[PDB]
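What follows is a single chain, given as structure tokens, in the form deposited in one PDB entry.
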């Protein structure tokens, strides 16, 4: 290289796109494990919990047992305050774990004591170190009781204070996707949605695809994405790309008016025969449903575990004005 170049390269050296995914509580830890085992691209995984037993059986690049002096390696028993105090107690360790991150993904299942309580603390620390802070969390099933939904919503309120974009997935809507779903499989299905949402969002930024997704653009949109929701769809039919995005746009997980949506992140995933043309048809379809001033970031990657099905992950941001926070869950305005 040359004097100018060599300098630049060195510059690229220091700077980067350090992404860290943090899972809190059992649900959060279970998510991290899958990401680690199936190997999420260009992202560090961190699992944190008060329950040492859940944490020891968890797999991640780093593990932080929080609340040692407070919970003595035991869970929070559903007490959000314990999870908060515990996270506060381990603020330094958490900070060390996510230090130097350009972006931090906080994932957990709201409703318990650790995830609900610690998540907002990890988020605050994440912002203090200057990382684009994004959370992907789930709301509990109705069958879990009002108390769980209350703590969840309360935690969703605290969380919204420290995040740049807060993606919320209502588990209850999972029953609308698969009506005859056996109870013993509810959480196995939720696991799948969570993984597809987090991995899908992360790899959209880190995985080489048929088109380049710029990190600066991703910042611009997530920096103030506010409250966000997702849509998932896949098809192998004649118009696979057309059906997939149609499914995603009609997904019950995306329970809200998207016309006022400020932006969107679209991740098209398919087998080796995936073409840029299909990707564009997906974007075009979504583009018409949102405000013409909305910013749309999109990518398209090959997933060899797809055979001949195309998958579409939709993330609609800035929809908090079309939503209201009740202790029974989110309600459409």
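Shifts are known only where both forms have a C-alpha. Positions refer to the first chain, counted from 1. If you superpose the two forms and keep the largest set of C-alpha atoms that fall within 1.5 Å, you have the rigid core.
The same protein also has a form deposited in another entry, omitted here; what follows describes it.
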{"property": "Pairwise C-alpha change, residue 125 versus residue 15, in the other entry against this form - closer or farther, 3 angstroms or more", "result": "farther"}
{"property": "Residue 121 and residue 15, C-alpha gap in the other entry relative to this structure (3 Å or more)", "result": "farther"}
{"property": "Residue ranges moving between the shown form and the other one (criterion: at least three consecutive CA positions shifted 2 angstroms or more, core aligned)", "result": "2-16"}
